[PDB]
J.: 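Just passing along the structure, written as structure tokens.
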Amino acid sequence: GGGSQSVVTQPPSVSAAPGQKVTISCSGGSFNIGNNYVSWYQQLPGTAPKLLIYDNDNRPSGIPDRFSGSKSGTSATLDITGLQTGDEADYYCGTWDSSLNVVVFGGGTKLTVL
Amino acid sequence: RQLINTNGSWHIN
Amino acid sequence: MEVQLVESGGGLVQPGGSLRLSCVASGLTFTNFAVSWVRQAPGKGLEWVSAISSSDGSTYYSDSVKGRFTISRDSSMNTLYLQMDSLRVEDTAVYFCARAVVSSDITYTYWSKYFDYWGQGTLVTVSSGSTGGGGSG
């Protein structure tokens with residue numbers, strides 16, 4: 001199809017030059033981000049998605065601290081500082097939705113570094 | 001934490 | 001030892017047909033984790049599809065695949081499957097196997113479900129070759 005709407009919304013794209021800071025937000029509702037825990041994923045081109053953040057702001061062992069997450073209200077945010085060209089990828093937040101009863105993923109944000 | 005790992009159960013209700 | 005969640009069984013099929021995907025874990029355990037299949041349609045975002053509990057074998061589905069898909073496991077303890085019947089063009093997507101860490105508060109109302117490891121995924125294309133506009137989906 002063409003354009004559409006998502007349960008949890010993210011900007012379609014974000015960009016910044018090497019070294020800068022970038023933020024990607026997810027806006028949801030009470031039944032998903034409002035009451036449940038958010039996680040974030042990095043999907044490198046043609047690559048298996050990988051967990052960046054879990055339970056709103058925790059980092060798994062091999063994830064550098066320039067990646068950070070926070071949650072407020074029905075919104076969640078992923079912060080990436082010291083941007084690097086290798087950071088180019090699609091980013092998704094994820095959360096259980098108590099109404100739809102599925103893990104809902106945000107629409108996705110394509111990060112370009114230039 | 002408030003959370004408690006279900007040890008492998010996708011859901012409980 | 002290499003760590004792998006390998007999916008396979010992906011392929012081109014006609015609408016109405018069926019396929020069986022399998023996901024094999026190597027170098028990682030399923031003990032104390034649930035497992036899900038997540039797909040990604042052409043140029044779209046990640047969509048949860050189905051899950052199974054390593055604890056009691058309970059099964060769960062998104063409303064869009066219910067009655068058509070069947071998730072299961074066998075005695076190997078490191079292998080699960082996704083039987084896909086009555087396939088529809090919109091079922092076209094790359095299917096990822098992903099290990100789930102699941103937690104909830106004591107009243108089972110607040111939930112934390114995240115995927116800490118994923119496979120490269122297997123591609124499933126459902127079409128007759130006729131679509132009216134570019135690729136299938």
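Naming: A, B, ... by sequence-line order, numbering from 1 per chain.
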J.: Nearest 0.5 Å, what's the CD1-CG distance between A:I53 and A:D55?
T.: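 The CG atom of A:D55 is 10.5 Å from CD1 of A:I53, to the nearest 0.5 Å.
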
J.: Has C:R88 got a side-chain atom pairing as donor or acceptor with C:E90's backbone, closer than 3.5 angstrom?
T.: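 Not a single qualifying donor-acceptor pair exists.
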
J.: Taking a hydrophobic cluster as the set of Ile, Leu, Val, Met, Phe, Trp and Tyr residues connected by side-chain heavy atoms closer than 4.5 Å, whether directly or through intermediates, do A:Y37 and A:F31 fall within one such cluster?
T.: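 No: no chain of side-chain contacts under 4.5 Å links A:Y37 to A:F31.
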
J.: Test: ring pair (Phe, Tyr, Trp, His ring centres under 6.0 Å). Region: residues 41-64 of chain A. Which pairs qualify, not counting sequence neighbours?
T.: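 Only A:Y41-A:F105, A:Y41-C:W118, A:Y54-C:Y114 qualify under ring pair (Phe, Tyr, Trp, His ring centres under 6.0 Å).
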
J.: Taking the side chain from C:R99 and the backbone from C:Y117, do they hold a donor-acceptor pair closer than 3.5 Å?
T.: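 Side chain of C:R99 to backbone of C:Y117: no pair is present.
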
J.: Could you check whether any side-chain N or O of C:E7 sits under 3.5 Å from a backbone N or O of C:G121, counting only pairs where one atom can act as donor and the other as acceptor?
T.: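 Yes, the answer is positive, given that a donor and an acceptor are paired below the 3.5 Å cut-off.
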
J.: Would the distance check show the side chain of A:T47 and the main-chain N or O of A:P45 forming a donor-acceptor pair, the cut-off being under 3.5 Å?
T.: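 Yes, because the side chain of A:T47 sits within donor-acceptor range (under 3.5 Å) of the backbone of A:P45.
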
J.: Is the A:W96 ring parallel, tilted or perpendicular to the C:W48 ring (thresholds 30°, 60°)?
T.: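 Judged by the thresholds at 30° and 60°, the geometry between A:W96 and C:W48 is perpendicular.
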
J.: Is there a donor-acceptor contact under 3.5 Å linking the side chains of A:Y91 and A:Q42?
T.: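 Judged by distance alone, the side chains do pair up.
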
J.: Should the heavy atoms of other residues, nucleotides or ligands under 6.0 Å from CZ of A:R66 be counted, would the total exceed 12?
T.: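 Counting other residues, nucleotides and ligands, CZ of A:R66 exceeds 12 neighbours.
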
J.: Are side-chain heavy atoms of C:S18 and C:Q83 found at a separation under 4.5 Å?
T.: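 Contact flag for C:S18/C:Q83 side chains = yes.
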
J.: Look at A:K71 together with A:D57 and state whether they make a salt bridge at an N to O cut-off of under 4.0 Å.
T.: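 The answer is no: the pair does not qualify as a salt bridge.
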
J.: What's the spacing between A:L111 CG and A:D90 CG if we round to 0.5 Å?
T.: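 Rounded to the nearest 0.5 Å, the CG-CG separation comes out at 9.0 Å.
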
J.: I'd like to know if the side chain of A:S75 reaches the main chain of A:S72, judged simply by a donor and an acceptor atom lying under 3.5 Å from each other, with no hydrogens or angles considered.
T.: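 Judged by distance alone, no pair lies under 3.5 Å.
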
J.: Hey, what do you get for CE (C:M77) to OG1 (C:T31), rounding to the nearest 0.5 Å?
T.: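 Taking CE in C:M77 and OG1 in C:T31, the distance rounds to 7.5 Å.
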
J.: How about C:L5 and C:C23: do any of their side-chain heavy atoms sit closer than 4.5 Å?
T.: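 A side-chain contact exists here, since the closest heavy-atom pair is under 4.5 Å.
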
J.: Under a 4.5 Å cut-off applied to non-hydrogen side-chain atoms, are C:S50 and C:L82 in contact?
T.: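 Side chain of C:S50 against side chain of C:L82, heavy atoms only: contact under 4.5 Å found.
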
J.: Quick check on the hydrophobic clustering: are C:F115 and C:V6 connected, directly or via other members, by side-chain heavy-atom contacts under 4.5 Å?
T.: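 Different clusters: C:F115 never reaches C:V6 through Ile, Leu, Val, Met, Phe, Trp or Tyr contacts under 4.5 Å.
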
J.: More than 12 foreign heavy atoms under 6.0 Å from OH of C:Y110: is that the case here?
T.: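 No - once you tally the heavy atoms of other residues, nucleotides and ligands closer than 6.0 Å, there are 12 at most.
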
J.: Could you walk me through whether A:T77 and A:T23 satisfy the side-chain hydrogen bond (donor to acceptor under 3.5 Å, both in side chains) test, starting with their C-alpha distance in whole Å, then the side-chain angles of each, then the deciding distance to 0.1 Å, before giving a yes or no?
T.: CA-CA 7 Å; A:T77 299; A:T23 179; 4.8 Å; no

J.: If two hydrophobic side chains count as joined below 4.5 Å and joins carry through other members, does A:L78 share a cluster with A:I63?
T.: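 Linked within one cluster.
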
J.: Is C:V65 reachable from C:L80 through a run of hydrophobic residues whose side-chain heavy atoms are each under 4.5 Å from the next?
T.: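 As far as the 4.5 Å side-chain criterion goes, C:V65 and C:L80 are connected within one cluster.
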
J.: Would you say the side chain of C:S58 lies within less than 4.5 Å of the side chain of B:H11, judging by non-hydrogen atoms?
T.: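 Contact flag for B:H11/C:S58 side chains = no.
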
J.: Side chains of A:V102 and A:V7, heavy atoms from C-beta outward: is any pair under 4.5 Å?
T.: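 A side-chain contact is absent here, since even the closest heavy-atom pair is not under 4.5 Å.
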
J.: Answer yes if the side chains of C:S8 and C:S22 hold a donor-acceptor pair under 3.5 Å, and no otherwise.
T.: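 Yes, C:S22 and C:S8 have a side-chain donor paired with an acceptor closer than 3.5 Å.
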
J.: Is there a donor-acceptor pair closer than 3.5 Å between any side-chain N or O of A:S15 and the backbone N or O of A:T112?
T.: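 Indeed, once roles are kept as given, a pair shorter than 3.5 Å links the two residues.
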
J.: Set out, in order, the CA-CA distance, both residues' side-chain angles and the distance that settles side-chain hydrogen bond (donor to acceptor under 3.5 Å, both in side chains) for A:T95 and A:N32, then state yes or no.
T.: CA-CA 6 Å; A:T95 188; A:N32 45 71; 5.9 Å; no

J.: Any salt bridge (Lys or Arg N to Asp or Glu O under 4.0 Å) involving residues 23-39 of chain C? Give me the pairs, sequence neighbours left out, ordered by first then second residue.
T.: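 Of all non-adjacent pairs touching residues 23-39 of chain C, those that pass salt bridge (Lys or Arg N to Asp or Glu O under 4.0 Å) are C:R39-C:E47, C:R39-C:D91.
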
J.: Would you say the side-chain atoms of C:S54 pair up with the backbone N or O of C:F33, donor to acceptor, closer than 3.5 Å?
T.: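 Present.
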
J.: Using side chain to side chain contact (heavy atoms under 4.5 Å, CB included) as the criterion, list what pairs up with C:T131, not counting sequence neighbours.
T.: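 With sequence neighbours excluded, C:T131 shows a side chain to side chain contact (heavy atoms under 4.5 Å, CB included) to C:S136, given in chain and number order.
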
J.: Could you check whether any side-chain N or O of C:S53 sits under 3.5 Å from a backbone N or O of B:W10, counting only pairs where one atom can act as donor and the other as acceptor?
T.: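 The answer is yes, because a donor-acceptor pair under 3.5 Å joins these two groups.
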
J.: Does C:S104 reach the main-chain N or O of C:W111 with its side chain, forming a donor-acceptor pair under 3.5 Å?
T.: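 Not a single qualifying donor-acceptor pair exists.
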
J.: Indicate if C:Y108 and A:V103 have the same hydrophobic cluster label, given that clusters are the connected sets of ILVMFWY residues with side-chain heavy-atom separations under 4.5 angstrom.
T.: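 Linked, C:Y108 and A:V103 end up in one cluster.
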
J.: What distance separates C:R20 CZ from C:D85 CG, expressed to the nearest 0.5 Å?
T.: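 Between C:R20 CZ and C:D85 CG, I get 9.0 Å after rounding to 0.5 Å.
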
J.: Quick check: does any side chain N or O of A:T109 sit under 3.5 Å from a backbone N or O of A:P11, one acting as donor and the other as acceptor?
T.: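 Yes; judged by distance alone, with no hydrogens or angles, the pair exists.
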
J.: Under 6.0 Å from the OH atom of C:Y60, do we count more than 12 heavy atoms belonging to anything else shown?
T.: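 Buried by this count: over 12 neighbours within 6.0 Å.
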
J.: Kindly indicate whether the side chain of C:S103, heavy atoms from C-beta on, has any atom under 4.5 Å from the side chain of B:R1.
T.: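 Yes; the side chains approach each other to less than 4.5 Å.
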
J.: Do the non-hydrogen side-chain atoms of C:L19 and C:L87 ever get within less than 4.5 Å of each other?
T.: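 SC-SC contact between C:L19 and C:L87 confirmed.
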
J.: Given the rule in the side-chain hydrogen bond (donor to acceptor under 3.5 Å, both in side chains) test, do A:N36 and A:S98 qualify, once you have shown the distances and angles that lead to the verdict?
T.: CA-CA 8 Å; A:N36 305 102; A:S98 309; 3.1 Å; yes

J.: Quick one: are C:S127 and C:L12 in side-chain contact, heavy atoms under 4.5 Å?
T.: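 Yes; the side chains approach each other to less than 4.5 Å.
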
